[PDB]
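You are given structure tokens for the same protein chain in two forms, set apart as structure 1 and structure 2.
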Structure 1
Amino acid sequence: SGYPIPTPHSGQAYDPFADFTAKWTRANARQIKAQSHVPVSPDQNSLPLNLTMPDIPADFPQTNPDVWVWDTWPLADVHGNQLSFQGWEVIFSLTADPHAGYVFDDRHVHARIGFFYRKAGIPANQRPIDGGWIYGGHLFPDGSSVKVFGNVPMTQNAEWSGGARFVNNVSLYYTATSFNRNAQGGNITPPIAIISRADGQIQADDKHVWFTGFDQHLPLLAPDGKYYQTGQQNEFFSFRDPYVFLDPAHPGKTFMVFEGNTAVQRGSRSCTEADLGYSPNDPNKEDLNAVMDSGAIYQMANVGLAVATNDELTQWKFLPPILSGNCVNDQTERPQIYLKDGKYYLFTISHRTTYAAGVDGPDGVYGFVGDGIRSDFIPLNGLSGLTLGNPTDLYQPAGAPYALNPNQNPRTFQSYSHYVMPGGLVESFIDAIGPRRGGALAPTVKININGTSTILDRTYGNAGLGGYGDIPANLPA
């Protein structure tokens, strides 16, 4: 075997205030490829079937014909219960315009937060194929989001993901972004990313849902340069996707996970033996200098933690990160803390194309398990971290969603932004399927979480495929 021993992990809980960061190591990450098989043409899937998202039909419906929809989150509480209001289900999505001239892959800097609603508890025979979502439109008033950036030079602004907390009964945590780009789309000045809070009121009658408020935006967090990488340290830094939750182990407190980057100057040779995570005599180890020479120093993802410094939840303090992937992958996005069986699962999304040199894995969801919000997190499924990937041959090149390589599974980029719901249901959006780009919700799927491993449930729905955009409420608010 050419694949190394994975770095062991205890699941041990630390104090949330402790400077301890669990490492998603190269030796961990390399288990994905190790666990895989060389696909058997006509087979274009290397992944264990248990870790594969089933194939989404190319005839998928739009969520709305007039809107591009991608990152989505439900109406929820700090317990991650999904909430209906007066018999209505409510979701929030990043939205953009398909006919405004810009292509799907440049949608990001034009993103606005919209909402959709529909009646809860409708059976499949009465739900339309597109999930029956009614477009509510833009959640925030024009210009409310961009106020945070005062007078700075900018060539666009956008609203990026977070979460909705019913508590003005509704708090929308999200990422305000500002960009200053030239002709070629190079940064004149480093992008600005600020985790913000806007409060408003959901209202409904028998015929619709609507909101008021969200007029006054509260800036909460931007990178410090000590735990989380600033624009000045790295023009291509990431800082976004707040998930706000209560840890029952820590009442009187409210916490937040979010995507960050390790705070170093871009190009620093700052990876250690810890990030590689080999045993000394493992024949399949790697040399640190060899790894840093490959350019893996440009891949320095982390998941951060913050805690409310008041009851108002209007003031937040940074804690040390709870997970790094230094020299493994530059993106750990939309992190969430999922409570099951008295355990803590950290789920986070990542891209095949953001892996460091010498490491490889699919687009989809990665999971880690521990005894606390800050653990020596155990990477799920063979100490790999992969929970659920798009069907992918890791023995062939990635391609891109705008340029599909026909040596590669045409559904390698079929879904992204996997969000884990109560009972292990997973919602996501469709990126590329063959020539077609989605901007629409994927079929909901279901994973059975079983201690250190997970299984895609193929008895769920249509051989694992539930309804398009099936994001259901558990609880009335």
Structure 2
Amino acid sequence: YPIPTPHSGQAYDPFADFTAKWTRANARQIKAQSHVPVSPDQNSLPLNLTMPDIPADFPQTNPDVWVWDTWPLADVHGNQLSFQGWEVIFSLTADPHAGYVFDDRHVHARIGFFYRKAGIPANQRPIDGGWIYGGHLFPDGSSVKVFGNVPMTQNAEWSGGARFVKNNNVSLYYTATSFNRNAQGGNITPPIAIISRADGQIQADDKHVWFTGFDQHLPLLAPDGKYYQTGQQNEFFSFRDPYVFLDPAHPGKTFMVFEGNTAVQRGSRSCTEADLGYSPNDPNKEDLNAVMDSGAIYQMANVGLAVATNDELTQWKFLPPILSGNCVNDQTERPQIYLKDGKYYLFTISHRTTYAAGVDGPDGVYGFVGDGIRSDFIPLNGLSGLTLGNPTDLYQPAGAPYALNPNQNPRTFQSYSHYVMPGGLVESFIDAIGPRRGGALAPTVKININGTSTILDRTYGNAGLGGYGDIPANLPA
């Protein structure tokens, strides 16, 4: 084994300049823990960290909608709330009958909502989960007003979270994005990404759930280029996915974690020995210059933190990043702070194909534990960071969901956008299963979170697979 970087989990002041590193020594534990698959099996991952195989005959969530990143109606404590006996979810959506292909859908994303009666066991609902599509959440043209008169070919509504909270009772924190692209998908000018808020009112009767409002979109945060990378630093920067929450350790504050990138000009040789994570006397340490020469400098993920500066939560400021993956992976997406047993779990999603040269791991969800929202985070599962991966052979090429390598597991891209719900239930969407593309919710699964390690419960639902899109409420609003 490579020696993993130790971590204390110790808490820091949220305002202090300390960033935990998910080091190359930590991420290399994933391949170290993996085995060459015994043919015809094509999974190298430890069984406890492997998502079960999703059936190829999965249902669509809705035949008229491509659905992907999904979040529940929630509060700032992570509870998932029912409203007047209805369960409610929000999703990124696109139109399968609009002339663009599934892989080009992201610049067309609209936030939609779905609802279903609360309190029905998953195995007694329709196989598709019984979600009723309510349509677009936001009025046409309301989100794009945050950009003003800038050159633009597309605008999208990307992920965040919904908080049940002025007849308005729902705050939608999301990512407004503007693109200025040639017909070949190349950037004419860098994309613009603004973490934004829109308030509205959920209403319901015996027949349906509907929303009013969301007419006024407030820009909250755009990257600074000091802590969070800008489009001028890197046209391929990531800045998105606000998760707004209350930390019981800091009463009176409201915090947000989100996805960013380290704020350097693209191609800067800025990785350090601390990003590699080896002892100076470790005879098997990697060489910093060799790692940067291999191209690892193009992988610069971070998880950002921001705090509200007014009572209405309409003004925010950045704090230093809480986690960085420099020279490890470019993507730490949809971060969430999950509170359990007085500990702070940071869960974030990533891709196999956005790992740096010399490091490898599956598509899925990554996890870290500490004693505060700013911690020397302990990567879960043998100091690796992997929580749950799609079945994957890390000893053969990754391929792509639009071009599966037949030397690779045809379910390596079966699910993405894993979101950890109360009780360790995990919801996600289906990307590719063999030749079939999803845009539908995946079976909900269950992880048992036990201090610094996790286990996929293979007796949950049918052999580890629960209901398609089972995203249940634990408390009534």
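Only residues modelled in both forms are compared. Between two forms, the rigid core is defined as the largest C-alpha subset superposing within 1.5 Å. Residue 1 is the first residue of structure 1, and the numbers go on in sequence order from there.
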**Report entry** Residue among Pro251, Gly143, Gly87, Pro283 with C-alpha shift of 2 Å or more between structures 1 and 2, core superposed
**Finding:** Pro283
Query raised in the report: Quick one: once the rigid core is lined up, does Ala124 have its C-alpha move by 2 Å or more between structures 1 and 2?
Result: yes
Requested in this report: Once both forms sit on the same core, give the Cα displacement of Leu220 between structures 1 and 2 in angstrom.
Outcome: 0.1
Requested in this report: Could you check how much the CA of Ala183 shifts between structures 1 and 2 after a rigid core fit, in angstrom?
Outcome: 3.0
**Report entry** Mobile segments between structures 1 and 2 - rigid core superposition, Cα shift of 2 Å or more, 3+ residues
**Finding:** 123-126, 280-284
